[PDB]
Amino acid sequence: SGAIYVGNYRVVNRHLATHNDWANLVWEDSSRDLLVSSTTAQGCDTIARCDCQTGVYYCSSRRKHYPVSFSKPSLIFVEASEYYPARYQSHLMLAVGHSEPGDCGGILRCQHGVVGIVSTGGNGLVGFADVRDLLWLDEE
Ligand SMILES: CCc1ccsc1CN1C[C@@H](C(N)=O)CCC1=O
Ligand SMILES: [Zn+2]
């Protein structure tokens, strides 16, 4: 589990969104595994606006923050899981690292701020849903 809190927005994995998130929906995309809902209180996170390919992510199944190199956001085939059939997921970045289903929501950060959240895993890889292209998260 995990979320990003920026301005009056909450960014979560679409597959982990709550009934309150869907009732207060701002934007969602199944192909990215992302959902953004509105909040009453202001958040403190800053979204990175950069093309960094190194950073640190939190892995809850190891209680550890790992430094990683990761690929640029791409369209990647993701095998079937409990939440989606086999499909291509867009805006996904991979790194060599550990990721189990309950690790989704763990933040990936660089020197500029939040880059994305854990979304995929298995086979010694970890996949992150990018949020750096969602510029509207910084305004109104
Ligand atoms: C062992 C596979 C694994 C490891 C970490 S997430 C995962 C499989 N997964 C894929 C997610 C997606 N974005 O399609 C949806 C939720 C989920 O359980
Ligand atoms: Zn950066």
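Counting begins at 1 with the first residue of the sequence. Every number for a ligand or one of its atoms is a count from 1 in the order of the listing.
Proximity of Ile117 to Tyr57: side-chain heavy atoms (C-beta onward) are nowhere separated by under 4.5 Å.
Under 3.5 Å, the side chains of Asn20 and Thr18 contain no donor-acceptor pair of N or O atoms. Looking only at atom types and distance, the side chain of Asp103 has a donor-acceptor partner in the side chain of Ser61 under 3.5 Å away.
Taking the charged nitrogens against the carboxylate oxygens, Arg132 and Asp51 have no contact shorter than 4.0 Å, which rules out a salt bridge.
The aromatic rings of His15 and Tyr83 sit tilted relative to each other, their planes meeting at an angle between 30° and 60°. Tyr58 and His65 have tilted rings, their planes meeting at an angle from 30° to 60° on a 0 to 90° scale.
Ordered by chain and number, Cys50 SG, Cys52 SG, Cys110 SG, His112 ND1 make up the set of protein N, O or S atoms under 2.8 Å of the Zn ion (ligand 2).
Residue pairs meeting the salt bridge (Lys or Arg N to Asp or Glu O under 4.0 Å) criterion with at least one partner in residues 1-20, sequence neighbours excluded, are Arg10-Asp21, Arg14-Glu28.
Residues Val131 and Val26 share a single hydrophobic cluster, defined by chaining ILVMFWY side chains whose heavy atoms lie under 4.5 Å apart.
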Identify all N/O pairs between ligand 1 and the protein with a separation under 3.5 Å and present them as a table of atom names and distances.
unit_1: ligand 1; atom_1: 13 (N); unit_2: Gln89; atom_2: OE1; d: 2.9
unit_1: ligand 1; atom_1: 13 (N); unit_2: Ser119; atom_2: O; d: 3.0
unit_1: ligand 1; atom_1: 13 (N); unit_2: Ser119; atom_2: OG; d: 3.1
unit_1: ligand 1; atom_1: 14 (O); unit_2: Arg87; atom_2: NH1; d: 3.0

May I have the list of side-chain donor-acceptor pairs in residues 66-75 shorter than 3.5 Å, sequence neighbours left out?
unit_1: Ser71; atom_1: OG; unit_2: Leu94; atom_2: N; d: 2.9
unit_1: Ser74; atom_1: OG; unit_2: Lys72; atom_2: O; d: 2.7

